[PDB]
Structures are given as C-alpha cells and as structure tokens.
There are 2 protein chains.
Amino acid sequence: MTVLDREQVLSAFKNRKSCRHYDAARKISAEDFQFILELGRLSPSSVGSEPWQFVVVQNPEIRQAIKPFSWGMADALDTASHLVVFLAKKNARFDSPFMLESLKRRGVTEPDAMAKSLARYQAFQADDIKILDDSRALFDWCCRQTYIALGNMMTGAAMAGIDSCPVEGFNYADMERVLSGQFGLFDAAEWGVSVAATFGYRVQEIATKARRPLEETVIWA
Amino acid sequence: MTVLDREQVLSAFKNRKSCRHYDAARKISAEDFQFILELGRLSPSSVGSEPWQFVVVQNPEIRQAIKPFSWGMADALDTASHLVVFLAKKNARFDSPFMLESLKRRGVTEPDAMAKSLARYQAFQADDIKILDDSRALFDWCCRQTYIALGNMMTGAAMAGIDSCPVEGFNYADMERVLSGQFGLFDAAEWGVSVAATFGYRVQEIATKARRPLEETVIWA
Ligand SMILES: Cc1cc2nc3c(=O)[nH]c(=O)nc-3n(C[C@H](O)[C@H](O)[C@H](O)COP(=O)(O)O)c2cc1C
Ligand SMILES: Cc1cc2nc3c(=O)[nH]c(=O)nc-3n(C[C@H](O)[C@H](O)[C@H](O)COP(=O)(O)O)c2cc1C
Ligand SMILES: O=C(O)c1cccnc1
Ligand SMILES: O=C(O)c1cccnc1
Ligand SMILES: [Cl-]
Ligand SMILES: [Cl-]
C-alpha cells in the first residue's frame with residue numbers, strides 16, 4: 001500500500017474543475033492518456049461486471065458529426081485534446097454470456113460454484129434491486145457503474161494536472177445513431193451511450209464552483 | 001494546482017480493493033472521516049444539482065435492523081468503522097424547488113437569466129436525455145450522479161490508507177422502509193436509496209482482483 005497524506009490527497013483532488021475551454025495547441029501524450037484509461041479500467045463495478053466501453057473519439061470527422069447536437073460541449077469539440085464517450089452494457093442479465101465471462105474473471109469457474117453464483121445474481125436482480133423485469137432499468141444499472149469510472153478518470157487526471165469536463169449535454173439518440181450507425185463503432189444492440197467526458201489543458205483560469213454545506217448533505221444516524 | 005506525478009497517483013489508486021471483513025477494533029477518526037465526506041461533497045454533478053444525501057449509519061441498532069436483508073454486507077455491519085447509505089433526489093424536474101436552489105448556487109439569480117437557464121434544463125431533460133416521461137428515469141438520473149460521489153470517496157479514502165467496499169447487495173425496498181419509515185431519517189417522497197459503502201481498516205490482506213484487458217474495453221475512433 002502506497003499511502004499519501006490525506007491533506008495532499010484533498011489538495012490534489014481540488015485540482016478538478018469542469019473545463020469548457022481548452023488550449024487547442026496542447027495534446028495529452030499517449031502515455032498520459034493511457035494512465036487515464038487505466039483509472040477507468042481499474043474502477044470497481046457491481047459483481048465485477050465492468051459493464052463499460054470507452055470510445056475515444058479523436059477523429060475530427062466524428063467530432064464534427066456530433067457537434068450539431070452536442071451543445072453541452074460544442075466549443076470543446078474543437079479544442080479538447082481527448083473525448084471519451086462511455087458505453088454501458090445492454091441486457092446485462094444474470095444469465096447473459098457477458099455476465100458469464102465476468103463471473104469467470106472473478107475466479108468462479110467450477111460448474112457447481114458457477115451455478116450457485118448465478119442463482120445469487122438472479123435473486124439480486126429480480127428481488128433486491130428489481131431490474132430484471134425492465135430493460136431500461138437493467139441498462140441504467142450498468143450506466144450507474146460507468147459513472148464510477150467517469151469519476152475516477154476525471155479525478156485522477158486532475159490530480160496529475162490534466163483538465164476535464166463531464167458531459168451529458170447531447171441528444172442521446174443522435175449520439176448513438178452517429179457513433180454506431182454512421183461510423184459503425186459499436187453494436188447498438190449490445191451497448192448504449194451513457195455519458196461523455198472531455199480532457200485537455202484549460203485555456204484560462206477556472207473559478208472553484210460552489211457546493212451545498214456538509215450540514216445540508218450529511219445525515220448522522 | 002498542487003500536482004502529483006501520475007505514477008504516484010496510479011500507485012495510490014491501486015490501494016483500493018473491495019473489503020468485506022474489517023478490523024472491528026479500528027475506528028476511522030472523526031477528522032479522517034470528515035475528509036471522506038468532503039470528497040463526496042466536492043464531487044461534480046450534472047448541472048451542479050448535487051442530488052445526494054449521505055446517511056452515515058453509526059447507530060448499531062440501525063445496523064442490526066438492516067442486517068437481515070443486507071446480505072451483500074452482512075459481516076461488515078458488525079465490523080466496519082463507518083457505513084454510508086447514499087440517497088438520490090426524487091422528482092428533480094427542471095421546475096422543482098430543489099433544482100431552483102441548485103441553479104442559484106451556480107450563481108444564476110437574475111430572474112431573466114434564471115428563466116433562460118431553466119428553459120435549457122427543460123429541453124435537456126425532455127429532449128436530450130429524455131427523463132421527463134418517467135419518474136423512475138428521473139430518479140435514475142440522480143442515482144447516476146451519486147455513483148460519482150461514491151467513486152471519489154472510496155478512491156480518496158484508499159489513497160489515504162482507508163479501506164472500503166461499495167454495496168448494492170440489499171433489498172432496496174426494505175432499506176427505504178427501515179431508514180425512512182422505522183427510523184425517520186429522511187422523507188421517502190423526496191429521496192430514495194441509491195447505493196451504500198462501508199469504510200474501515202481491513203482485517204487481512206486482500207488479493208488484487210482482475211480486470212478485462214484495456215484492448216477489450218477501449219474503442220479507438
Ligand atoms: C455499485 C457496486 C455495488 C457493489 N456491491 C457489493 C456488495 O453488495 N457486496 C460485495 O461484497 N461487494 C460489492 N461490490 C464490490 C465488487 O464485487 C467489486 O468492486 C469487484 O468485484 C471488483 O473487485 P475490487 O473492487 O476489489 O477491485 C460492489 C461494487 C460496486 C461498484
Ligand atoms: C454527469 C454530468 C454531466 C455534465 N454535463 C455537462 C455538460 O453537458 N456541459 C457542461 O458544460 N458541464 C457539464 N457538467 C459539469 C457540471 O456543470 C459541473 O460539474 C458542476 O456545475 C460543478 O462544477 P465543477 O465540476 O467545476 O465543480 C456535467 C457534470 C456531470 C457530473
Ligand atoms: O459485487 C458483488 O459481489 C455484489 C453485487 C451486488 C450484490 N451482491 C454482491
Ligand atoms: O452541468 C451543466 O452545466 C450541463 C449539464 C447537462 C447539459 N448541459 C449543461
Ligand atoms: Cl472553462
Ligand atoms: Cl476482505
């Protein structure tokens with residue numbers, strides 16, 4: 001365990017501010033950006049599902065195709081170093097091939113053990129969080145996991161001096177149609193767009209943004 | 001900006017492993033836990049909504065009350081230093097008083113300016129992410145934001161040497177009934193249970209868990 005002082009941790013964490021305007025001349029190096037991708041890869045996920053894909057949109061033709069409906073990051077599409085569109089797994093039922101592969105990656109591979117795990121996953125999805133019925137709720141469950149990877153990538157990037165902005169401000173149906181249909185980047189039957197993020201170096205200073213006081217957020221029980 | 005080297009960031013990030021069994025005698029100090037809550041407070045959220053409450057469940061009467069349906073953390077309820085149950089805002093429509101407050105906290109308070117922002121929020125919610133036809137989709141939108149705070153609190157804790165585990169393994173309807181109905185901790189019309197996390201100091205070594213290779217997660221475009 002490599003342990004940092006919590007004051008140093010908090011200080012670096014406060015580096016992260018949503019950046020809408022990047023220096024178009026400055027690119028994140030390939031090695032620096034793989035480190036950001038690694039924070040996403042290593043993030044936790046319910047049952048180790050890792051129900052995400054990271055679409056790195058560096059092709060300016062694709063950035064221009066999505067600009068008309070991406071008002072939340074319109075300027076950044078011309079100036080950001082990197083763009084990631086997060087995909088979340090569709091129909092991640094306990095009995096799906098995708099979930100089976102995630103179960104073996106947890107180290108559960110003997111057939112009787114696998115059956116017992118799947119039975120618990122079925123009860124969780126059907127009885128506890130109640131998502132097995134509804135395909136949109138099942139998709140939203142996986143989307144939730146991708147916001148963990150999103151948060152970790154942005155935080156880690158900022159601690160290392162690289163700016164970012166989380167992004168929901170786009171038409172989700174158009175984004176899926178362009179990325180999956182026009183450019184054929186993923187099978188939209190298996191994956192759906194969750195959220196996006198830009199990364200780069202800020203063009204100017206960014207003011208720290210307000211938060212509600214802790215006493216209006218924490219409930220002590 | 002106080003900047004850390006990315007190899008130092010990655011090394012400290014790798015401290016985080018899901019911990020199911022804590023040292024029951026080891027308590028996180030008040031100051032250290034305030035630091036953890038602060039990581040969640042400062043987390044970003046869509047339109048700065050901050051649609052979360054953090055219920056800190058330190059009362060062992062409450063912990064024992066939720067244990068029978070909390071199989072995902074049954075042993076940790078006896079041994080964890082701290083437990084946080086994350087609530088997400090219900091019915092966070094563009095025209096709700098809660099969203100009005102978050103908009104003023106962004107520094108938009110002139111009535112014509114506020115009116116124009118709320119018009120954009122309405123279009124975002126109705127047309128882009130499409131969450132205004134279903135109260136569950138609206139609630140799930142807020143739940144996604146809470147997983148950012150979850151990710152940041154666990155990573156930051158781990159970087160400072162404090163173990164954690166994210167938790168979905170409980171009956172969600174029972175959790176709301178006990179926390180809101182039996183113990184009156186929140187108004188269930190206004191807030192719903194999103195996810196939980198335990199925090200403490202691990203009782204034994206934890207093996208690093210596998211992840212899919214980056215080449216099966218990253219789509220270069
Ligand atoms: C949202 C969420 C909920 C989870 N729920 C639980 C749970 O209820 N019980 C449990 O033992 N672990 C749970 N985990 C931990 C995962 O099993 C774990 O993150 C995954 O197997 C990867 O292992 P690692 O986190 O140690 O790298 C949860 C993880 C996430 C992100
Ligand atoms: C899921 C999510 C989506 C967001 N969408 C956008 C967006 O489309 N456009 C944008 O300018 N900012 C967006 N933001 C940034 C928020 O406005 C910002 O986090 C919040 O106002 C607080 O500012 P700070 O992040 O600088 O503290 C998003 C944030 C999150 C977490
Ligand atoms: O990740 C896990 O092990 C898990 C997730 C949900 C419910 N129970 C266990
Ligand atoms: O946070 C924001 O400012 C935001 C979120 C979604 C869409 N447009 C803007
Ligand atoms: Cl900016
Ligand atoms: Cl453990």
# chains A, B, ... in the order shown; residues from 1 in each chain; ligands from 1
>>> select_by_dssp(residues="stretch 83-220 of chain A", states="strand (DSSP E)", output="JSON, numbers by chain")
{"A": [83, 84, 85, 86, 87, 88, 89, 163, 164, 165, 166, 167, 191, 192, 193, 194, 195, 196, 197, 198, 199, 200, 218, 219, 220]}
>>> write_last_selection(atoms="C-alpha atoms", output="PDB file, in the first residue's frame")
ATOM      1  CA  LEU A  83     -13.006  12.907 -25.940  1.00  0.00           C
ATOM      2  CA  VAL A  84     -14.365   9.753 -24.315  1.00  0.00           C
ATOM      3  CA  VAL A  85     -17.909   8.553 -24.848  1.00  0.00           C
ATOM      4  CA  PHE A  86     -18.803   5.961 -22.211  1.00  0.00           C
ATOM      5  CA  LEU A  87     -20.883   2.976 -23.333  1.00  0.00           C
ATOM      6  CA  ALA A  88     -22.872   0.791 -20.948  1.00  0.00           C
ATOM      7  CA  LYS A  89     -23.876  -2.824 -21.490  1.00  0.00           C
ATOM      8  CA  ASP A 163      -8.251  19.157 -17.012  1.00  0.00           C
ATOM      9  CA  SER A 164     -11.591  17.598 -17.901  1.00  0.00           C
ATOM     10  CA  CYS A 165     -15.342  18.104 -18.079  1.00  0.00           C
ATOM     11  CA  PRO A 166     -18.146  15.544 -17.617  1.00  0.00           C
ATOM     12  CA  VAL A 167     -20.770  15.789 -20.361  1.00  0.00           C
ATOM     13  CA  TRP A 191     -24.163  -1.243 -25.909  1.00  0.00           C
ATOM     14  CA  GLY A 192     -25.726   2.160 -25.302  1.00  0.00           C
ATOM     15  CA  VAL A 193     -24.372   5.627 -24.701  1.00  0.00           C
ATOM     16  CA  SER A 194     -24.119   6.535 -21.002  1.00  0.00           C
ATOM     17  CA  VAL A 195     -22.169   9.795 -20.591  1.00  0.00           C
ATOM     18  CA  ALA A 196     -19.148  11.561 -22.094  1.00  0.00           C
ATOM     19  CA  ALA A 197     -16.052  13.400 -20.917  1.00  0.00           C
ATOM     20  CA  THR A 198     -13.532  15.776 -22.429  1.00  0.00           C
ATOM     21  CA  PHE A 199      -9.883  16.034 -21.353  1.00  0.00           C
ATOM     22  CA  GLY A 200      -7.185  18.576 -22.061  1.00  0.00           C
ATOM     23  CA  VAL A 218     -24.852  14.580   5.766  1.00  0.00           C
ATOM     24  CA  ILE A 219     -27.475  12.799   7.863  1.00  0.00           C
ATOM     25  CA  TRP A 220     -25.975  11.458  11.091  1.00  0.00           C
TER      26      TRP A 220
END
>>> closest_atom_pairs(of="chain A", to="chain B", cutoff="6 Å", atoms="only C-alpha atoms", output="tab-separated table")
residue	atom	partner	partner_atom	distance
A:1	CA	B:15	CA	5.5
A:2	CA	B:12	CA	5.2
A:3	CA	B:160	CA	5.4
A:4	CA	B:160	CA	5.2
A:5	CA	B:160	CA	5.9
A:6	CA	B:160	CA	5.2
A:12	CA	B:2	CA	5.4
A:15	CA	B:1	CA	5.4
A:53	CA	B:217	CA	4.8
A:54	CA	B:218	CA	4.8
A:55	CA	B:219	CA	4.6
A:56	CA	B:220	CA	5.1
A:57	CA	B:221	CA	4.7
A:58	CA	B:221	CA	5.7
A:59	CA	B:221	CA	5.7
A:128	CA	B:171	CA	4.1
A:129	CA	B:172	CA	5.8
A:144	CA	B:144	CA	4.8
A:147	CA	B:148	CA	5.5
A:148	CA	B:151	CA	5.0
A:151	CA	B:148	CA	5.0
A:159	CA	B:3	CA	5.7
A:160	CA	B:4	CA	5.1
A:161	CA	B:3	CA	5.5
A:170	CA	B:128	CA	5.9
A:171	CA	B:128	CA	4.1
A:172	CA	B:129	CA	5.8
A:217	CA	B:53	CA	4.7
A:218	CA	B:54	CA	4.8
A:219	CA	B:55	CA	4.6
A:220	CA	B:56	CA	5.1
A:221	CA	B:57	CA	4.7
>>> write_last_selection(atoms="C-alpha atoms", output="short mmCIF file (atom, residue, chain, number, x, y, z; two decimals), in the first residue's frame")
data_model
loop_
_atom_site.label_atom_id
_atom_site.label_comp_id
_atom_site.auth_asym_id
_atom_site.auth_seq_id
_atom_site.Cartn_x
_atom_site.Cartn_y
_atom_site.Cartn_z
CA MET A 1 0.00 0.00 0.00
CA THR A 2 1.40 3.39 -1.13
CA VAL A 3 -0.18 5.87 1.28
CA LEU A 4 -0.46 9.63 0.78
CA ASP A 5 -1.26 12.26 3.39
CA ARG A 6 -4.98 12.98 3.30
CA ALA A 12 -4.78 17.45 -5.45
CA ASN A 15 -7.50 20.43 -8.94
CA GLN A 53 -16.64 0.51 -23.17
CA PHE A 54 -14.53 3.67 -23.56
CA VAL A 55 -14.92 5.15 -27.06
CA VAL A 56 -12.01 7.52 -27.63
CA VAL A 57 -13.17 10.00 -30.27
CA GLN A 58 -10.02 11.52 -31.75
CA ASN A 59 -11.23 11.58 -35.36
CA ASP A 128 -33.38 -6.89 -4.31
CA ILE A 129 -32.68 -4.13 -6.85
CA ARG A 144 -24.52 3.76 -12.86
CA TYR A 147 -20.26 6.96 -13.61
CA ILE A 148 -17.80 5.38 -11.17
CA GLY A 151 -15.47 9.98 -11.68
CA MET A 159 -4.55 15.16 -9.61
CA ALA A 160 -1.90 14.73 -12.31
CA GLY A 161 -2.55 18.18 -13.82
CA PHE A 170 -26.12 15.97 -26.07
CA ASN A 171 -29.00 14.25 -27.79
CA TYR A 172 -28.54 10.65 -26.69
CA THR A 217 -25.97 16.85 2.92
CA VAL A 218 -24.85 14.58 5.77
CA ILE A 219 -27.48 12.80 7.86
CA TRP A 220 -25.97 11.46 11.09
CA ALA A 221 -27.57 8.18 12.17
#
>>> residues_near_ligand(ligand="ligand 5", cutoff="7 Å", atoms="only C-alpha atoms and all ligand atoms", output="JSON, numbers by chain")
{"A": [18, 19, 20, 21, 202, 204, 206]}
>>> atom_distance(atom1="atom CA of residue A:188", atom2="atom CA of residue A:176")
7.1 Å
>>> closest_residue(among="A:73, A:182, A:97, A:122", to="ligand 2", atoms="only C-alpha atoms and all ligand atoms")
A:73
>>> decode(residues="stretch 52-166 of chain A", atoms="C-alpha atoms", output="PDB file, in the first residue's frame")
ATOM      1  CA  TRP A  52     -18.443  -0.370 -19.944  1.00  0.00           C
ATOM      2  CA  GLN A  53     -16.638   0.505 -23.169  1.00  0.00           C
ATOM      3  CA  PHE A  54     -14.534   3.671 -23.561  1.00  0.00           C
ATOM      4  CA  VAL A  55     -14.923   5.149 -27.059  1.00  0.00           C
ATOM      5  CA  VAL A  56     -12.011   7.521 -27.626  1.00  0.00           C
ATOM      6  CA  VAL A  57     -13.175   9.999 -30.269  1.00  0.00           C
ATOM      7  CA  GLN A  58     -10.018  11.523 -31.746  1.00  0.00           C
ATOM      8  CA  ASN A  59     -11.231  11.577 -35.360  1.00  0.00           C
ATOM      9  CA  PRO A  60     -12.162  15.226 -36.117  1.00  0.00           C
ATOM     10  CA  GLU A  61     -14.689  13.981 -38.715  1.00  0.00           C
ATOM     11  CA  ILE A  62     -16.621  12.272 -35.927  1.00  0.00           C
ATOM     12  CA  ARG A  63     -16.300  15.290 -33.627  1.00  0.00           C
ATOM     13  CA  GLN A  64     -17.796  17.491 -36.355  1.00  0.00           C
ATOM     14  CA  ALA A  65     -20.600  14.986 -36.998  1.00  0.00           C
ATOM     15  CA  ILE A  66     -21.717  15.157 -33.360  1.00  0.00           C
ATOM     16  CA  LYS A  67     -21.237  18.903 -32.828  1.00  0.00           C
ATOM     17  CA  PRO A  68     -24.729  19.889 -34.154  1.00  0.00           C
ATOM     18  CA  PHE A  69     -26.458  18.055 -31.268  1.00  0.00           C
ATOM     19  CA  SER A  70     -23.837  18.270 -28.508  1.00  0.00           C
ATOM     20  CA  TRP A  71     -24.469  21.775 -27.177  1.00  0.00           C
ATOM     21  CA  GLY A  72     -23.053  20.827 -23.762  1.00  0.00           C
ATOM     22  CA  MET A  73     -19.550  20.561 -25.222  1.00  0.00           C
ATOM     23  CA  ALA A  74     -19.807  22.480 -28.508  1.00  0.00           C
ATOM     24  CA  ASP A  75     -16.675  24.594 -28.036  1.00  0.00           C
ATOM     25  CA  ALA A  76     -14.651  21.752 -26.510  1.00  0.00           C
ATOM     26  CA  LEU A  77     -15.237  19.571 -29.580  1.00  0.00           C
ATOM     27  CA  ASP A  78     -12.926  21.953 -31.465  1.00  0.00           C
ATOM     28  CA  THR A  79     -10.342  22.414 -28.698  1.00  0.00           C
ATOM     29  CA  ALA A  80     -10.215  19.417 -26.346  1.00  0.00           C
ATOM     30  CA  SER A  81      -7.276  17.032 -26.564  1.00  0.00           C
ATOM     31  CA  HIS A  82      -9.354  13.905 -25.966  1.00  0.00           C
ATOM     32  CA  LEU A  83     -13.006  12.907 -25.940  1.00  0.00           C
ATOM     33  CA  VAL A  84     -14.365   9.753 -24.315  1.00  0.00           C
ATOM     34  CA  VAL A  85     -17.909   8.553 -24.848  1.00  0.00           C
ATOM     35  CA  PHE A  86     -18.803   5.961 -22.211  1.00  0.00           C
ATOM     36  CA  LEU A  87     -20.883   2.976 -23.333  1.00  0.00           C
ATOM     37  CA  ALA A  88     -22.872   0.791 -20.948  1.00  0.00           C
ATOM     38  CA  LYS A  89     -23.876  -2.824 -21.490  1.00  0.00           C
ATOM     39  CA  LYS A  90     -27.457  -3.543 -22.550  1.00  0.00           C
ATOM     40  CA  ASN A  91     -29.417  -6.544 -21.265  1.00  0.00           C
ATOM     41  CA  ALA A  92     -26.768  -7.493 -18.692  1.00  0.00           C
ATOM     42  CA  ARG A  93     -28.987 -10.240 -17.261  1.00  0.00           C
ATOM     43  CA  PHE A  94     -27.511 -12.712 -14.791  1.00  0.00           C
ATOM     44  CA  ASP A  95     -27.765 -15.438 -17.477  1.00  0.00           C
ATOM     45  CA  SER A  96     -26.153 -13.476 -20.335  1.00  0.00           C
ATOM     46  CA  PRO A  97     -22.838 -14.549 -21.956  1.00  0.00           C
ATOM     47  CA  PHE A  98     -21.381 -11.191 -20.958  1.00  0.00           C
ATOM     48  CA  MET A  99     -22.119 -11.790 -17.282  1.00  0.00           C
ATOM     49  CA  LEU A 100     -20.841 -15.356 -17.507  1.00  0.00           C
ATOM     50  CA  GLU A 101     -17.449 -14.078 -18.694  1.00  0.00           C
ATOM     51  CA  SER A 102     -17.409 -11.557 -15.825  1.00  0.00           C
ATOM     52  CA  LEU A 103     -18.168 -14.392 -13.382  1.00  0.00           C
ATOM     53  CA  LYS A 104     -15.225 -16.492 -14.565  1.00  0.00           C
ATOM     54  CA  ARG A 105     -12.940 -13.448 -14.400  1.00  0.00           C
ATOM     55  CA  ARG A 106     -13.834 -13.292 -10.689  1.00  0.00           C
ATOM     56  CA  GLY A 107     -12.303 -16.745 -10.375  1.00  0.00           C
ATOM     57  CA  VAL A 108     -15.571 -18.721 -10.224  1.00  0.00           C
ATOM     58  CA  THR A 109     -15.277 -21.469 -12.859  1.00  0.00           C
ATOM     59  CA  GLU A 110     -16.151 -24.860 -11.349  1.00  0.00           C
ATOM     60  CA  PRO A 111     -19.655 -25.632 -12.672  1.00  0.00           C
ATOM     61  CA  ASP A 112     -21.466 -26.155  -9.341  1.00  0.00           C
ATOM     62  CA  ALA A 113     -19.912 -22.972  -7.918  1.00  0.00           C
ATOM     63  CA  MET A 114     -20.848 -21.056 -11.068  1.00  0.00           C
ATOM     64  CA  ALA A 115     -24.467 -22.176 -10.761  1.00  0.00           C
ATOM     65  CA  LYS A 116     -24.619 -21.027  -7.116  1.00  0.00           C
ATOM     66  CA  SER A 117     -23.222 -17.604  -8.037  1.00  0.00           C
ATOM     67  CA  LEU A 118     -25.648 -17.172 -10.926  1.00  0.00           C
ATOM     68  CA  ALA A 119     -28.523 -18.076  -8.616  1.00  0.00           C
ATOM     69  CA  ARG A 120     -27.485 -15.294  -6.231  1.00  0.00           C
ATOM     70  CA  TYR A 121     -27.132 -12.854  -9.152  1.00  0.00           C
ATOM     71  CA  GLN A 122     -30.652 -13.776 -10.290  1.00  0.00           C
ATOM     72  CA  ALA A 123     -32.124 -13.112  -6.836  1.00  0.00           C
ATOM     73  CA  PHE A 124     -30.248  -9.816  -6.582  1.00  0.00           C
ATOM     74  CA  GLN A 125     -31.500  -8.595  -9.958  1.00  0.00           C
ATOM     75  CA  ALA A 126     -35.064  -9.867  -9.560  1.00  0.00           C
ATOM     76  CA  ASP A 127     -35.777  -9.428  -5.852  1.00  0.00           C
ATOM     77  CA  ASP A 128     -33.380  -6.893  -4.308  1.00  0.00           C
ATOM     78  CA  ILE A 129     -32.676  -4.132  -6.846  1.00  0.00           C
ATOM     79  CA  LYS A 130     -35.589  -5.212  -9.104  1.00  0.00           C
ATOM     80  CA  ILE A 131     -34.129  -4.557 -12.551  1.00  0.00           C
ATOM     81  CA  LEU A 132     -34.537  -7.935 -14.290  1.00  0.00           C
ATOM     82  CA  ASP A 133     -38.048  -7.015 -15.456  1.00  0.00           C
ATOM     83  CA  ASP A 134     -37.279  -3.707 -17.181  1.00  0.00           C
ATOM     84  CA  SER A 135     -34.693  -3.409 -19.950  1.00  0.00           C
ATOM     85  CA  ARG A 136     -34.276   0.325 -19.318  1.00  0.00           C
ATOM     86  CA  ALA A 137     -33.695  -0.270 -15.600  1.00  0.00           C
ATOM     87  CA  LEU A 138     -31.207  -3.027 -16.432  1.00  0.00           C
ATOM     88  CA  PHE A 139     -29.372  -0.623 -18.735  1.00  0.00           C
ATOM     89  CA  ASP A 140     -29.490   2.140 -16.108  1.00  0.00           C
ATOM     90  CA  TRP A 141     -27.870  -0.231 -13.590  1.00  0.00           C
ATOM     91  CA  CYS A 142     -24.860  -0.594 -15.901  1.00  0.00           C
ATOM     92  CA  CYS A 143     -24.841   3.157 -16.623  1.00  0.00           C
ATOM     93  CA  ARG A 144     -24.515   3.755 -12.859  1.00  0.00           C
ATOM     94  CA  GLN A 145     -21.291   1.704 -12.875  1.00  0.00           C
ATOM     95  CA  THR A 146     -19.861   3.811 -15.728  1.00  0.00           C
ATOM     96  CA  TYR A 147     -20.261   6.964 -13.613  1.00  0.00           C
ATOM     97  CA  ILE A 148     -17.795   5.382 -11.173  1.00  0.00           C
ATOM     98  CA  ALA A 149     -15.229   5.013 -13.978  1.00  0.00           C
ATOM     99  CA  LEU A 150     -16.038   8.540 -15.159  1.00  0.00           C
ATOM    100  CA  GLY A 151     -15.467   9.981 -11.680  1.00  0.00           C
ATOM    101  CA  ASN A 152     -12.183   8.128 -11.181  1.00  0.00           C
ATOM    102  CA  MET A 153     -10.779   9.093 -14.581  1.00  0.00           C
ATOM    103  CA  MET A 154     -11.565  12.769 -14.110  1.00  0.00           C
ATOM    104  CA  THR A 155     -10.271  12.860 -10.539  1.00  0.00           C
ATOM    105  CA  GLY A 156      -7.056  11.015 -11.338  1.00  0.00           C
ATOM    106  CA  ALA A 157      -6.461  13.146 -14.429  1.00  0.00           C
ATOM    107  CA  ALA A 158      -6.879  16.331 -12.398  1.00  0.00           C
ATOM    108  CA  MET A 159      -4.549  15.160  -9.614  1.00  0.00           C
ATOM    109  CA  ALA A 160      -1.903  14.728 -12.308  1.00  0.00           C
ATOM    110  CA  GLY A 161      -2.554  18.176 -13.824  1.00  0.00           C
ATOM    111  CA  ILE A 162      -4.903  17.389 -16.739  1.00  0.00           C
ATOM    112  CA  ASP A 163      -8.251  19.157 -17.012  1.00  0.00           C
ATOM    113  CA  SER A 164     -11.591  17.598 -17.901  1.00  0.00           C
ATOM    114  CA  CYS A 165     -15.342  18.104 -18.079  1.00  0.00           C
ATOM    115  CA  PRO A 166     -18.146  15.544 -17.617  1.00  0.00           C
TER     116      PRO A 166
END
